[PDB]
Each structure stands twice: as C-alpha cells, then as structure tokens.
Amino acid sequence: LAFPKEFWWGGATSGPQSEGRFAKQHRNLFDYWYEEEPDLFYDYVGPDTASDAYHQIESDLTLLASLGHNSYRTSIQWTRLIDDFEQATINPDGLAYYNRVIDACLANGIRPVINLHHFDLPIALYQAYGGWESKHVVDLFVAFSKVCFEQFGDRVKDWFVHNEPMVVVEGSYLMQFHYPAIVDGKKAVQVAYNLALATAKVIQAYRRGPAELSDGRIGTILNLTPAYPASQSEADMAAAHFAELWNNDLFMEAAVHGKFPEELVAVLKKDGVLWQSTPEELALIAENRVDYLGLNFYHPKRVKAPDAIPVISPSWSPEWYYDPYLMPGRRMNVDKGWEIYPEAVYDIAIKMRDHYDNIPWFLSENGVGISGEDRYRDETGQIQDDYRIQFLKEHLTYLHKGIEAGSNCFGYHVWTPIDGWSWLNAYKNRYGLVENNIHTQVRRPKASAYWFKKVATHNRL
C-alpha cells in the first residue's frame, strides 16, 4: 500500500488553537467570546494559553520531524501580525513570531503550509463593520494577505486562504457556534459570497506579486463530504442534492470553477436571499481559481426529505430542504455522537476525480476526538490510543483506493499533531497524535505518533 513519491505527511492546526494569547495585540471573535462567556467553554478553558505554541513551536517542530513529519499546517492570525487594520500595518512582534514558525519548519525538514484565516476574524471588524458581512472587511483581508505574502513568500510556497469558510458561515449566522452566533439566513448567504470573493481577491494579490513571492501554490480549505440520501426515493435524492449544493458545491465551484452553482443560485434567488453581487466581482472569481485544495473530513453526513415543510420560517436555512438522518447500525464515536464511515474518503476522492477536473488536492484534515484519554495509559504513561491508529488506518486505506482509482491526491494531514484547543469544546476531546497536558504544557507522544511515524517514514500502510 504505497503512496506517491512526495506525499505530504504531517498534521493540521491553527494559530488560535495552539499559540495562546501571549504577546498578541488584538482579540479575534473567539478571544472575545471567551472573555464574555467563559462558562460556554468546556471546563472554563478558553484560548489564553491554549497549547502554548507561542513558546514551544521550535521544540514542537523538532518533535514532529523526529515523528516522521515532512509538512505542517498552521495559520497566521490577523489579530497578531496586523497593527492597524485599516492600513494593515505590521506588528513587529507578530512578524518575528511567524518567522520563528516558518524558519523552524525549514530548519527541521518540514514544509511550511499556511492558512490565512481560521475562524479568527478580529472582534474589532465585527464591531465596526459587521465582520465578513462587509466588503471593506474583505479588502482589509486582502490587505492582510499581501503582507503575509510579502513577509513570508520567500519561504512559504503553500498557502490557503480559508479553513472551511462554510463553517464560519454556519457558526456565525445559522447554528450559533461561532460568535456573534446569530440566526440570519440573509447575512449568511451574503457572508457565503464574500468569503468566496475574498478567496478570489486573495489569489489575485498572490499572483500580482513579484515572481519570487508568487512562484508557489495557493488554494483554500474546504469540505467535500458527501451528503448521503436516507433512501433512493426521488425526494430523499432531492434533499441530498440540495445538501450537497449548499454544503459542498457553493465553495467548491467558486474555487475550482470560478462560478457559483446555477442551481443553488436559482434557489437562493427564488427564496429572496441571493447575495448582493457585482459583475466585476463575478469576473475576479472566474479569473482566480485555486492552484489546489485541502479537504477536511471527519464524518459522513446523511439526510432525508424534511419531515415537516413549514409555511412560515423566521429565518432562511438550507435545512428547509433536508433533515439529518441517522442510519441504523452505523458505526459511531460516542464521545462526539459522530458517525464513523471511512468509505466517504474514497467517495470524496472520486468526486474530485470526476467533478473537479481531478485538480491536485490533499486531505487537509482527518482525525478522531476522544475524552478521558487518561484511561489508556499503560504501565509506561504512554496513551495507547489504538482507536486512533485504527481510525486513521481505515481512512488512509480508502484514501489509498482513491489514489489507485486515479484521484490526484498529494497528502494526508492528521488533525492534529498536539492536542489543541477545540473552541467551545476546548480540551474536552483530544485529537492529537501527541498528548498535551494542559497544566504543564508538557507533550507526550501517543501510540498513534509512532504508528504515524512508520506510515510517513516508509511512505506505506
């Protein structure tokens, strides 16, 4: 079971979740929200210290390469690197921090891969402009990106504009799990649009720059997990087509095909919720397509035709057109109430092959989150997280079958190397290959670390 020459091996993370709030000028939404309602976060642990990567990034990266990693994805937080948002002025301390990150990657044998935005808009832009709802905010985001390209381009040649913008859209405006946690379909569709726009314009800026700061790849981190219909009835079929259009197609098509999907646009319009567009905006989207993509996957999604069609809906939602469906007998991680279905990785792979011009891609995230990990430490104090080895194994296997079937995939990144701060859930469920003890910030590789070393070191299952 041999992976391509050059396969990415490593894990994913973000600034907000690993760094801590050390020395960081601004508050992002999550920073803010924790300060306001600490009681919303598991065990009261917000992002102030997170997994202390502000201090430990060098030792970390030396641990990870020793652990067979050749790539590493984190993010650059707008709230640390940028002093004046309106001019996008550089915070010198932020600059010297992200240089530590990049420099450490290279020193260690590790490909620096960098996302620009991970659920971490600055609170100020929200308060001032309505955040991603604002097309000035978008320009300001453009401004921010150029700085990163200008300051780190000479050594980071792998760039991603967002991690899962759809999750930002749902979190903030539909399901109340990102601040401001309102429920408003119209803003949501408009935010949907603006991130798609901000992606395009960011890609522009990247490609406009000096040949030596624009000779790498740029893309974005999305999702293509299939929405499986409950049955083959035309109606269940129909809910699953919508669930895919919204959840999957919106961004996949903007990024790869330079267009929103005609069908979804037609629906949104019919429902009086289409985004305010601009023909020049639409051209930039068309003109700026990803060199490539990461796709994240933890769990399938299953849907059916709605049990109830409402005459009145207070706010618009894509769930007007489908319901969750639970499949009897499915395999589940109880801790999270999330289905385990590793076959979807293959489906995702074939979906790239057959619907997204087989353009290059990696699984930018994959992992399983458990709690009470304490309980699996053998005599030696090392967590024997067999469940994670198996989980990863089973996903990697299908990833392999996808490659064998022709799927242009070039890497697997585990979410995540060191147990990190999972938002509202904070440290409730651990996902790391390497344990972090959140009191002492001492790391302790788990069984999966050493299993994943073999996998990466021999390029095989």
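Quick note: we count residues from 1 along the sequence shown, nothing fancier.
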| Given 422 to 430 and 404 to 412, the range whose Cα B-factors average higher in the PDB entry | 404 to 412
| remark: Of 160 to 168 and 228 to 236, the stretch with the higher mean C-alpha B-factor in the deposited entry is 228 to 236
| Of the residues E339, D103, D385, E263, the one carrying the largest Cα B-factor as recorded | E263
| Which one of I221, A308, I350, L195 shows the top CA temperature factor in the record? | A308
| note | Here the Cα B-factor of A255, set against its chain, lands in the third termed lowest
| task | Name the third of the chain's ranked CA B-factors that contains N28, choosing lowest, middle or highest. | result | middle
| message | Among the modelled residues of this chain, does the Cα B factor of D357 put it in the lowest, middle or highest third? | response | middle
| query | Among the chain's modelled residues, which third holds the C-alpha B-factor of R21? | reply | lowest
| note | Temperature factor at the Cα of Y129, chain-ranked in thirds, falls in the highest
